[PDB]
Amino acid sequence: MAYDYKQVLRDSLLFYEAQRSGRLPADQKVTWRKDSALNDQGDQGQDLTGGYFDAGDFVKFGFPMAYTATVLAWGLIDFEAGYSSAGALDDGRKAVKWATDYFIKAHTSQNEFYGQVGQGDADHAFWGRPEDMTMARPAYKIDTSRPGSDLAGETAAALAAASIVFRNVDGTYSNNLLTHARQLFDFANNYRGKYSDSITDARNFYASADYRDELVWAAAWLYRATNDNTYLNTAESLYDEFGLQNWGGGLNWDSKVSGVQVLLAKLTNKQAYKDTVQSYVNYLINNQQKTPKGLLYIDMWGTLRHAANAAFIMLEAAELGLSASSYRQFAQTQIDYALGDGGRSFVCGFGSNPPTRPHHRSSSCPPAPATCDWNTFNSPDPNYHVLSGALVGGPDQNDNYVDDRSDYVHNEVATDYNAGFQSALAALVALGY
């Protein structure tokens, strides 16, 4: 009873530390993780070390990584008090910076951006510690001949959001983030195209459904970060041109629709955006399919991620003054389900009977020099290291679940899975829940 949201927030940050690629800091808290992927580089040998490994693998997928950064920064901006109350403000900022420092490296030229390091097949064929990888790690990029409005746009949004986060604590860094954000948006807007049609390897892992929502999302964030009316005008012009008011609701690495709407509602105070947001939220609370125990069931993939993302949109809607009490309560029921109100915790390393076998390579490995290979994956025992803070895919439409390492549906973990979740936790702490 009564969950310690402050500690879960700290736990989520430990999950992101566990996803760190590159050279780890002396103050790393998740110390079983070691320096890795130190040879990541671009076509000309540009340094591309750092960033976050996407999920239980070691590929650096730029699209969901950027989305993760934008949402984490977003929560830091609107619910900073939540981080401070949990004594995790510094760490919260570091989680965002780990991503943005990498995006800066990936932005090799004004209209050139590396969206991936590591190949899906070569990476996934390996099961072991990241520092033990010996396979080639190709780096793929988008440019004026191979556009990626979605990838460049989301990265611009993330950079713009981070510039706000660091505006006072590190003005120099804030300025740099913004310079890159502006250039990446121009690239995204002037060279239209889906990044997965260029970086084809990503088409079977993180294919983009549509890049138009990212353009609006990016422009909105740039307006917020610059107060430059041109970005607001562009954001709203594209919103109307693309007719986002009628797009399917929801917020996730692929679709920014609901985020764009609640964001613009705040930035413009216009009733139209608020109407769209209300309709969406009321729909979720009153009609969207739910499991018998109350969990919003939006899809079989990353089920908890979808419910937590919805919870965050609800918390953001509450801030606009929309049915604040009921929206916040419902958001809490979704987070609380993930924490254990459905019978067991679905957050590794936390609560009652949590998942102990997440589909995750680094946490499954014993410490060197012991070998870590597919026999480790095949082990009947729980993952050697507890992956504190990771939100798994979750239970099925009937609240059924079995902790299985091979189950990449229910036991999948990923950076995008914890983004909305973590920001929602910060909001709950800020609200005094």
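Residue numbers run from 1 along the displayed sequence.
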Checklist entry - On average, which has the higher Cα B-factor in the deposited entry, 318-326 or 213-221? => result 318-326
Next on the checklist: Tell me which stretch has the larger mean Cα B-factor in this entry, 128-136 or 282-290.
Outcome noted: 282-290
Checklist outcome for this item: Note to self: of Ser379, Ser388, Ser36, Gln44, the C-alpha temperature factor tops out at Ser379
Item to check | Largest Cα B-factor, entry values, listed residues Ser163, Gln183, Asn190, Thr356 | outcome: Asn190
Item to check | Chain thirds of CA B-factor: placement of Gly340 | outcome: middle
Next on the checklist: Ranking every modelled residue in this chain by its Cα temperature factor as given in the entry, which third contains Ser255?
Outcome noted: middle
Item to check | Ranked C-alpha temperature factor of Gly248 among modelled chain residues, by third | outcome: highest
Next on the checklist: Please place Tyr83 in the lowest, middle or highest third of its chain according to the CA B-factor in the PDB entry.
Outcome noted: middle
Item to check | Third of the chain's Cα B-factor distribution that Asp54 belongs to, per the entry | outcome: lowest
